[PDB]
Each structure stands twice: as C-alpha cells, then as structure tokens.
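Below you'll find the structure, written out as structure tokens, and then a few comments.
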Amino acid sequence: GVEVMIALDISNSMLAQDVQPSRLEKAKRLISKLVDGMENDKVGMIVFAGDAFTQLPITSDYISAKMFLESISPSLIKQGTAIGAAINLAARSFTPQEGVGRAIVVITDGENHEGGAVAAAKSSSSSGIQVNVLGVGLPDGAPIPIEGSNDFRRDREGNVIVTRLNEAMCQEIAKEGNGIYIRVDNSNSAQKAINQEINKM
Ligand SMILES: [Ca+2]
C-alpha cells in the first residue's frame with residue numbers, strides 16, 4: 001500500500017467551464033474515481049487557494065474522502081493560487097509508518113501566482129515523496145462564471161478575467177517532483193494513469 005495526499009486547487013479560476021462541467025467539478029469526479037479505484041492505499045486531501053488546509057488527514061476510509069468532495073466550498077478558503085504551500089503542507093502530512101510509499105497528487109489549472117512550487121516539488125522528491133500533477137482546463141482560455149449572475153469575474157480595471165491551463169508550469173512541477181503530468185480530459189483515463197504511476201511506490 002501507498003499513502004496518497006491529494007492537493008486540490010479550489011481557487012476561483014477552477015470555476016472556469018472550459019472543461020465540463022467545470023475544472024473544479026471535473027477534478028472532484030477524478031478524485032472520486034481515484035479513491036474508488038484504491039484497495040490497499042491510504043488517502044488524504046488538502047484544498048488550497050492562497051493558502052492550503054488539510055480537510056482529510058490520511059485515512060483508509062475512501063468513502064469519507066468522496067463525501068468531503070460534496071461539501072467543497074470555494075466561497076470559504078485567502079484567495080489566490082499557492083501550489084508550493086500546498087506541496088509543502090502535503091509533504092508534512094504523511095504517517096511515520098515505516099517503509100511506505102508516499103505520493104502527492106496536485107490537481108490544478110497550474111495558474112500559479114506565487115513562486116516556489118518547483119522548489120517545493122524538488123524538496124519533496126529529494127526526500128522520496130513523489131509529486132504528480134493533474135492539469136485541468138484548456139490552454140486556450142475561458143472566463144470565470146459567477147453563480148447566480150450572467151457575468152464573469154473581472155479584474156480591477158473591469159475587464160473579464162481569462163484563465164488558461166498553464167501546462168509548462170505543471171510539467172516542470174511533475175518533472176522536479178519525480179512524478180508524472182497528465183492533462184485531464186477523460187477523468188476515468190487520467191485516473192488509471194495516476195493509479196498506474198502510484199502503484200510503483
Ligand atoms: Ca487559480
């Protein structure tokens with residue numbers, strides 16, 4: 001068995017709907033598939049935007065993990081995007097259990113704002129903790145819809161924000177984390193590939 005810490009981006013850009021039904025909802029279904037495909041592993045979950053928090057400590061209760069997905073609330077996280085902080089928190093969140101594989105799975109559009117994500121991945125992998133990245137979204141660009149509104153999120157100048165999958169950043173994080181990068185399209189297929197990479201730990 002391997003210990004797997006999910007780090008899920010719940011920042012505002014994840015509400016973009018360039019992938020159906022949104023980046024966040026696609027990510028939630030991927031996590032659900034991922035845990036339903038576990039047998040011997042343990043799983044935990046961190047959510048992050050401007051800061052990172054552990055919702056679910058590492059556990060054998062896969063079903064509990066699925067339940068946390070239903071209550072995810074981007075309305076209730078500091079705003080922003082802090083992948084490095086999430087990796088750092090994840091790296092310190094595994095059990096001391098002797099000789100067990102440890103893997104971090106970051107799920108994000110990679111629109112990182114802060115620096116240090118690559119350095120965090122390097123630190124993690126140096127210590128033996130693999131960092132994988134599942135990129136959700138498209139590189140083209142989509143706006144961010146506001147629930148109960150016909151409008152989209154705007155910047156300080158009043159223009160519509162366009163958010164894009166930052167593939168280069170996600171790929172570099174996975175590389176330095178000794179892990180894999182997958183651009184998520186078929187969530188069931190992405191799930192198999194990540195389980196396949198994890199099952200070498
Ligand atoms: Ca973001």
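Because only heavy atoms are used, hydrogens play no part in the values below, and waters and symmetry mates are left out as well, while side chains stay in. The first residue in the sequence is number 1, and the count goes up from there.
One hydrophobic cluster, built from ILVMFWY side chains closer than 4.5 Å, holds both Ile198 and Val43. Hydrophobic clustering of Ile, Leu, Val, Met, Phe, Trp and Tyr side chains at less than 4.5 Å, counting indirect connections, unites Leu56 with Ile6.
The side chain to side chain contact (heavy atoms under 4.5 Å, CB included) test with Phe48 is passed by exactly one of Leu8, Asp9, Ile10, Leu89: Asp9.
Checking side-chain atoms of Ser125 against main-chain N and O of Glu176 turns up a donor-acceptor pair under 3.5 Å. In terms of modelled atom types and a separation under 3.5 Å, the side chain of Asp41 and the main chain of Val2 share a donor-acceptor contact. At distances below 3.5 Å, at least one donor-acceptor pair connects side-chain atoms of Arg102 with backbone N or O atoms of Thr95. Between the side chain of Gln191 and the main chain of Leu30, no donor-acceptor pair closer than 3.5 Å is present.
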Using atom types as modelled, flag every donor-acceptor pair under 3.5 Å from a side chain in residues 138-152 to any protein atom, sequence neighbours excluded.
residue	atom	partner	partner atom	Å
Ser149	OG	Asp151	N	2.9
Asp151	OD1	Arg154	NH2	3.0
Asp151	OD2	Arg154	NE	3.0

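Between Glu111 and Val162, the shortest heavy-atom contact is OE2-O, 4.2 Å. Here the closest heavy-atom approach between residue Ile83 and residue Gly110 is recorded as CD1-CA, 4.1 Å.
A side-chain donor-acceptor contact under 3.5 Å links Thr163 and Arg23.
For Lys28, the side-chain contact (heavy atoms from CB on, under 4.5 Å) partners are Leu24, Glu25, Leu69, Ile72, not counting sequence neighbours. Shown here are the side-chain contact (heavy atoms from CB on, under 4.5 Å) partners of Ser127, two or more places apart in sequence or in another chain: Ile129.
The CD1 atom of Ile182 lies 12.0 Å from the CD atom of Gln171; values are rounded to the nearest 0.5 Å.
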